[PDB]
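Report on one structure; see the data block that follows.
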Amino acid sequence: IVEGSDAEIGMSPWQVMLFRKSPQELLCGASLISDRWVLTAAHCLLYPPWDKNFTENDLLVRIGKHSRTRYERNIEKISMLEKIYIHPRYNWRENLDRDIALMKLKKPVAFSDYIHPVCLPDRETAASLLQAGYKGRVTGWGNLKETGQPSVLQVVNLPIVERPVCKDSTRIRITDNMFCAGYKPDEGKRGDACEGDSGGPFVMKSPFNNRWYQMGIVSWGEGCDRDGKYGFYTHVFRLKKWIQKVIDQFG
Amino acid sequence: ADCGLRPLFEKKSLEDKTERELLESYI
Ligand SMILES: N=C(N)c1ccc(CNC(=O)[C@@H]2CCCN2C(=O)[C@@H](Cc2ccccc2)NS(=O)(=O)Cc2ccccc2)cc1
Ligand SMILES: *[C@@H]1O[C@H](CO)[C@@H](O)[C@H](O)[C@H]1NC(C)=O
Ligand code: NA
Ligand code: NA
Numbered sequence: 001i002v003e004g005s006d007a008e009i010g011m012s013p014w015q016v017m018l019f020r021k022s023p024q025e026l027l028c029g030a031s032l033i034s035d036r037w038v039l040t041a042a043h044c045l046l047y048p049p050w051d052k053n054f055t056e057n058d059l060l061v062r063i064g065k066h067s068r069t070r071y072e073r074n075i076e077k078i079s080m081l082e083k084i085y086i087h088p089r090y091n092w093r094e095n096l097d098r099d100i101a102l103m104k105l106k107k108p109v110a111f112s113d114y115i116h117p118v119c120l121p122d123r124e125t126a127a128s129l130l131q132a133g134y135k136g137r138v139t140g141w142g143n144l145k146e147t148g149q150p151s152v153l154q155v156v157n158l159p160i161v162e163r164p165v166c167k168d169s170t171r172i173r174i175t176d177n178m179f180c181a182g183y184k185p186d187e188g189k190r191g192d193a194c195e196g197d198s199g200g201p202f203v204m205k206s207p208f209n210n211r212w213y214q215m216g217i218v219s220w221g222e223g224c225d226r227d228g229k230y231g232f233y234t235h236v237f238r239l240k241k242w243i244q245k246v247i248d249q250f251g
Numbered sequence: 252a253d254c255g256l257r258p259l260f261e262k263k264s265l266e267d268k269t270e271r272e273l274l275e276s277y278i
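This is how it looks when you write it as structure tokens:
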């Protein structure tokens, strides 16, 4: 996260770290959506142009974390993966369309003060909140700058951007399965997700029921926090039918 | 059923330092 700040303790209890077993390193962010299911970006697991194709045994999920590098004894919980499910129409060839994946855990994780699931949006909450100017929140342990790494989980609040402005900021083909967020050059603030924040959640707090909803997944961006560029996020609601189908079939 | 309600915030009626920024953006 670029130009963010340190998270408060328990501020994002659905935040998950995807952790590579060998060599031990941060792979991506992710989010907890139930006691057995974790949501992330497909490109965290599968991206052939960069020779990336992780299997279940390659990875661990670490839940309840705050510190990036330290083993948070008595606080974090570490889970093994039972199965990875990548969206069957994930477009790694072109533009990361449908950049979404689910991971089923081998065993349920116990919720605690530091470990708790986020909600997935219904149609109405999505329609109400996914509007230009409305702010969401991104969290992660990714780079502090495009070109280092944070001691603890970082957080930044960012406004959703008008679709034509998103489209006009890039040569990449944007789809309805994406949205973009960030400040414009003219505005007096900045901030962005970056490498390593990939797969983590873009959340919004519903003013109707005071619950946090995951509207987006950190997907892609041209550099990080560049003037005139925006961060792009997988549109979770648009892909919720697939999420439901996977959980109903394999849950 | 309990999704999206944080034990250290919503569950104990405490606000985090910047959530108000989000609310203020929601017309
Ligand atoms: N909000 C951000 N700035 C952000 C968010 C997530 C990521 C991680 N994702 C990604 O890295 C995805 C996965 C594959 C490439 N890609 C990118 O974002 C590309 C653009 C691209 C998009 C689609 C298809 C092909 C290329 N820009 S990029 O400049 O190379 C991304 C990048 C930024 C900083 C450091 C390293 C890489 C990177 C940056
Ligand atoms: C990725 O890995 C799986 C399993 O090892 C393999 O079957 C698949 O063909 C590989 N490539 C892609 C694009 O999925
Ligand atoms: Na364009
Ligand atoms: Na920018």
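Line by line, the protein sequences are chains B and S.
For reference, each letter of the first sequence is one residue, going 1 to 251 in this note's numbering.
For reference, each letter of the second sequence is one residue, going 252 to 278 in this note's numbering.
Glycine included, every Cβ here is placed at the ideal spot set by N, Cα and C.
(message) Nearest by alpha-carbon distance to B:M80: which of B:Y71, B:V109 and B:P88 is it?
(response) For B:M80, the closest of B:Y71, B:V109 and B:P88 by C-alpha to C-alpha distance is B:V109.
(message) Among B:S112, B:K106, B:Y85 and B:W14, whose alpha-carbon lies nearest the alpha-carbon of B:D99?
(response) B:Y85
(request) Could you work out which residues of chain D lie near B:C119, taking near to mean beta carbons separated by less than 8 Å? (result) You won't find chain D in this structure, because its protein chains are B and S.
(request) Mind the definition here: the segment 101 to 108 of chain B touches the segment 136 to 146 of chain B only if three or more C-beta pairs lie below 8 Å; say whether that holds. (result) no
(request) Using beta-carbon positions only, say whether B:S219 and B:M178 come within less than 8 Å of one another. (result) yes
(request) Collect the residues with a C-beta less than 6 Å away from any heavy atom of ligand 4 and give them in sequence order along the chain. (result) For ligand 4, the selected residues are B:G182, B:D192, B:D225, B:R226, B:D227, B:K229 and B:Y230.
(request) Verify the CB distance criterion: does B:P108 have a CB-CB separation below 8 Å to chain S? (result) When Cβ-Cβ separations below 8 Å define contact, B:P108 makes no contact with chain S.
(request) Following the continuous beta strand (DSSP E) through B:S169, name the residue where it begins and the one where it ends. (result) It is not in any beta strand (DSSP E) - B:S169 carries neither H nor E in the DSSP assignment.
(message) Following a CB-centred definition, is B:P49 positioned closer than 7 Å to any heavy atom of ligand 2?
(response) no
(request) Please report how far the alpha carbon of B:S34 lies from the alpha carbon of B:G223, in whole angstroms. (result) 32 Å
(request) If I'm right that residue 216 of chain S touches B:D6 with Cβ under 8 Å, what's the distance once you round it to whole angstroms? (result) It is not possible to answer for residue 216 of chain S, since the shown part of chain S is limited to 252 through 278.
(request) Quick one: list the residues of chain S neighbouring B:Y134, beta-carbon separation under 7 Å, in chain order. (result) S276 and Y277
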